[PDB]
Amino acid sequence: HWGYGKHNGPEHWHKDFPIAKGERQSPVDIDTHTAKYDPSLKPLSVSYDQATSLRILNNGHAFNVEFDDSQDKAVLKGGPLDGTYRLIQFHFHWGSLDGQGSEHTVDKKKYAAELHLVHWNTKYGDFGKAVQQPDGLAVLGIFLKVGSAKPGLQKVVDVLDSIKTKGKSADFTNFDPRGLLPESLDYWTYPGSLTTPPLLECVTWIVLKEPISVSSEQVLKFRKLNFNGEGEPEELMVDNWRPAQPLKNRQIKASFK
């Protein structure tokens, strides 16, 4: 099945998922000089005060922090979006080294990691229906650079020993995702896709310009996770990023000058 190895990685995915070669695939390189300011965009509205985290799961590709998405508790609105999008999970992509790991790039620069906060459009009732729609999802992408620790990330890092291998989950209640956001909500936006199979072209991407800082020690913990299940040969969960895809007939818009 698909993964991030030599025989199963991103250049292979098209064989099982031909949309991998589609018209609106993600991630992309954000060419900052060609993005255009769009004064009609709004500020984004990130309303996470009522968020209810439930569980953290090693799914063999990443770890997901899952939320209760059965009511409007943690929602994204505004910006480029029409309507209300509910937070379902967040996860990361990261590298084996600090010079790689992000999926989006900025002027070809790769960050150490990238956080995806995944939200679905409430007009479609559930996640599985939303991914079948061109405006089904909104993903807030946040770059990670290595420097000072991110205090709000530590409780995530804390629990990773308990979900080392694929298929392991742990209770993860009362986690506040506000502690993972940078100071500024300035962003770029464009229409794209899931960055993992099934690669569906259902995402409005909102990529924040300001990275968060995490410490070496925090990233190093990410890199101790395993892609394998328990009692299988150990293969470190690193370099779980898809590279930039062709922009094709898209314009990236900026919320800022």
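A short reminder: the numbers here are calculations on the coordinates, not readings from a lab. Quick reminder, even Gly has a Cβ in these numbers, built from the backbone with ideal geometry, and neighbours come from all protein chains shown.
Take every pair of alpha-carbon atoms less than 8 Å apart whose residues are at least six positions apart; their mean separation over the length of the chain yields a relative contact order of 26 percent.
Ignoring solvent entirely, what values of log10 I(q)/I(0) come out of the Debye formula for segment 1-62 at 0.14, 0.15, 0.29 Å⁻¹ when each Cα is a single scatterer? Reported log10 I(q)/I(0), two decimals: -0.85, -0.91, -1.26. Residues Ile142, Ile19, arranged from fewest to most other Cβ atoms within 10 angstrom of their Cβ, appear as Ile19, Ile142. Ratio of Rg to Rh for the chain: 0.93 [Cα atoms; Kirkwood radius as inverse mean 1/r over pairs].
With contacts taken as Cα pairs under 8 Å and at least 6 residues apart, segment 1-96 reaches a relative contact order of 21 percent. State the Cα centre-to-centre distance between segment 227-257 and segment 164-190 in whole Å. Segment 227-257 and segment 164-190 have Cα centres separated by 16 Å. Checking every one of the GluC sites (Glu not before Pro) in segment 125-226 against DSSP loop status and a limit of 13 other Cβ atoms within 10 Å picks out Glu183.
Our helix-only sum for the chain, with -39,500 (n - 2.57) per DSSP H run of n ≥ 4 divided by its residues, gives a mean residue ellipticity at 222 nm of -1500 deg cm²/dmol.
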